[PDB]
Amino acid sequence: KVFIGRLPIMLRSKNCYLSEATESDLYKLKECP
Amino acid sequence: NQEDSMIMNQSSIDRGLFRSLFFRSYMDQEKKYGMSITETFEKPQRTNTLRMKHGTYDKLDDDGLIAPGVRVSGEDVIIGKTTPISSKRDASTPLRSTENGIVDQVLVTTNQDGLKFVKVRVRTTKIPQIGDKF
Amino acid sequence: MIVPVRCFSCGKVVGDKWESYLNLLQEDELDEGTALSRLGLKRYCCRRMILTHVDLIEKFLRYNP
Amino acid sequence: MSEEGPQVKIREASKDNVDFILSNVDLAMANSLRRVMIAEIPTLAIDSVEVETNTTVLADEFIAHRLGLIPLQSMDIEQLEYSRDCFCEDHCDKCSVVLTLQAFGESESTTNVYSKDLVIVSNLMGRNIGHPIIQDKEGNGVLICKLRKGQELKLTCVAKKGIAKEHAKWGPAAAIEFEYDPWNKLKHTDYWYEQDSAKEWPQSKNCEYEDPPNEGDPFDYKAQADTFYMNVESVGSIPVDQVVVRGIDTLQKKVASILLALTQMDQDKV
Amino acid sequence: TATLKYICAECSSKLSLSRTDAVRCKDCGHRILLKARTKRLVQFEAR
Ligand SMILES: [Zn+2]
Ligand SMILES: [Zn+2]
Ligand SMILES: [Zn+2]
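Those protein sequence lines, which keep their order, are chains W, S, Y, G and A. Counting in UniProt numbering, the first sequence tops out at residue 196, every number present. Under UniProt numbering, read the second sequence as residues 834 to 919, 933 to 980, first letter to last. Counting in UniProt numbering, the third sequence tops out at residue 65, every number present. Counting in UniProt numbering, the fourth sequence tops out at residue 270, every number present. Counting in UniProt numbering, the fifth sequence tops out at residue 70, every number present.
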């Protein structure tokens, strides 16, 4: 059960908070919709 | 308009035809040196060194940055910074001699290490001129 | 990106007419071409102005400080 | 029956248009005015914004630009000298009109900033000047900009004389109409066609007011040009008439200044 | 009354401070921060 490095995740992909987020969410995260 | 160039209604340019914008984002951090030797964001001057610049530092508030409203021009400074070497050597950041306008928003955040990270944006409205491309 | 105050070609006042145009539709349920004929916008110079402007500001306003 | 020459005969009329039939003059003359109206008619608008606070999305100069376009009153203008002439270091009530503007986004539902909100702070000297020309249905006129929650915007403007040459924002103009010899009897054009010149090319409302061709007749080479169907509009600042009278005037002024320089010029010599 | 200085990206609200005064906002750990306009009045031509 060890940790190994960081993976520069892609945007709008599954592992991105944005994948789920919508309209409101984005505008508040500043991120342009 | 002869030879792949044209004539543009001046009047209309005025009423705002084709006016655009333009932002640039000069930027800088505080260098370190293991042995706790770090740089600084101040508004320096004499203090031994002589190692400074040429653009009116004035516009630099005390935090070593320019407040958003300021109207920057020639080579004025946007970031007053120094460095310790063994005593107040400069590492400031002047404007792009060519460009000039209005500060638009400065922001100061930490940074993975801890260093002071600052980005500065400058706004400029660019009106269509005789040489502009279309 | 807000209503272009006055037309580029002829400059005839056009920064007010906005809200009135947006209404001569969602409510007065008219069609563009006519809506504009109604707001006095005759020749196309001033017409294309409204019929094309995209009121982005709204999507801007929708942000924060 | 009277009047030396260049006579008019207003066709239709309205508060925002003077569709008239000007006749018996030099086309040169006609155009001359036409221009004068668009170009050199004294007006008034803002020419100096002083941003105090602004949170809007439109950054300064954006607003600062439109503010110059917001048509302002100018009926009397001719009694409010250009800054440049007056002796007040910078500006004064004898050359400029000062306005204010302040907005805060209270209604948690898009608050609007309209030209109606401008605030004349300087002595109007008791003269129709500096009023935010409004033709809006409601009376809000010229939407300046919008804003959200705690979005503020404090300004302070300064109107000055100015004419369409210096900038368009001083254009009392708007857009005039112009036409003559609707049946191209002088042949100032050579209609392009694919077939019947007459078909492809639409006729004009200004034909009724003039005799059709009538084949047979040869070509009147002595044919010149009077009768011009203009349509002086307006943006407000000036009553549709003045944007024509004053037009008829400013031109006439200059024409004299030429004589004026021809006098001052003579007197000169030892 | 009283002057201000810097601001928070989302919990935006005057903040200020200086050297070794951390960087975070007095709330939102969100370590951003803008500097807000100068008391100095700006000015532009109406064209
Ligand atoms: Zn137009
Ligand atoms: Zn004066
Ligand atoms: Zn915060």
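Cβ atoms here follow ideal geometry from the backbone N, Cα and C, with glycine treated the same way.
For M37 of chain G against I134 of chain G, the beta-carbon gap comes to about 23 Å, at or over 8 Å, which does not count as contact. Looking at the DSSP output, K972 of chain S sits in a beta bridge with S:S853. Taking the C-beta atoms as reference points, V142 of chain G is found no nearer than 7 Å to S122 of chain G. Going by beta carbons, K934 of chain S and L953 of chain S fall outside the 7 Å limit.
Between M230 of chain G and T263 of chain G, the alpha-carbon positions lie close to 35 Å from each other. Residue side-chain check: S9 of chain Y places its Cβ nearer than 6 Å to a non-hydrogen atom of ligand 1.
In chain order, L27, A225, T227 and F228 place their CB closer than 7 Å to the CB of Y180 of chain G, counting only its own chain and leaving out the 5 sequence neighbours on each side. Contact between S36 of chain A and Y29 of chain A does not hold, since their C-beta atoms are separated by about 10 Å, which reaches or exceeds 8 Å.
Out of G:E210, G:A159 and G:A174, the CA that lies nearest to the CA of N184 of chain G is found in G:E210. Within the chosen limit of 6 Å, ligand 3 reaches the beta carbon of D50 of chain A through at least one heavy atom.
Under the three-state reduction of DSSP, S844 of chain S is assigned to helix. Secondary structure of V905 of chain S (DSSP, three-state): coil.
Counting only the Cα atoms, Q66 of chain A lies some 33 Å from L22 of chain Y.
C207 of chain G sits exposed, since fewer than 16 C-beta atoms from the chains shown fall within 10 Å of its C-beta.
The beta carbons of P172 of chain G and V243 of chain G sit closer together than 7 Å.
A buried status is given to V235 of chain G, since no fewer than 16 other beta-carbon atoms sit within 10 Å of its beta-carbon. For a cut-off of 8 Å, the C-beta gap from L101 of chain G to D85 of chain G is around 28 Å, too long to register as a contact. As DSSP reads the structure, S858 of chain S sits in a beta bridge with S:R967. DSSP lists no beta-bridge partner residue for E945 of chain S. Not a single C-beta of chain Y is nearer than 7 Å to the C-beta of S39 of chain A. Contact check for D959 of chain S and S41 of chain A: beta-carbon distance about 20 Å, past the 8 Å limit, so the pair fails to qualify. Against chain G, the CB of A69 of chain A has a partner CB under 7 Å away; the residue lies at that interface. Per the coordinates, the alpha-carbon of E61 of chain G lies some 12 Å from the alpha-carbon of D47 of chain G. The Cβ-Cβ distance between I120 of chain G and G130 of chain G falls below 7 Å. Distances from the CB of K42 of chain Y to the heavy atoms of ligand 1 are all 6 Å or more.
For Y21 of chain Y, the uninterrupted alpha helix (DSSP H) run begins and ends at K17 to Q26, by DSSP. Within chain G, no C-beta atom comes nearer than 8 Å to that of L27 of chain A; the closest sits roughly 12 Å away.
Between the stretch 889-903 of chain S and the stretch 53-62 of chain A, the count of C-beta pairs closer than 8 Å reaches three or more; the two stretches touch. Under a criterion of Cβ atoms nearer than 7 Å, the residues of chain Y adjacent to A174 of chain G are, in order, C10, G11 and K12. Excluding its 5 nearest sequence neighbours in each direction, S20 of chain Y has C-beta neighbours in its own chain below 7 Å: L39, listed in chain order. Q73 of chain G places its beta carbon 7 Å or farther from that of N140 of chain G. Neighbours of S74 of chain G in chain A, taken as residues whose beta carbon is under 7 Å from its own, are absent, since the nearest beta carbon is some 15 Å off. Residues of chain G with a Cβ closer than 8 Å to the Cβ of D847 of chain S are, in chain order, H167, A168 and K169. Shown in chain order are the members of the stretch 961-979 of chain S whose Cβ falls below 8 Å from a Cβ of chain G: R969 and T971. Straight across, the Cα-Cα distance linking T871 of chain S with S938 of chain S is about 15 Å.
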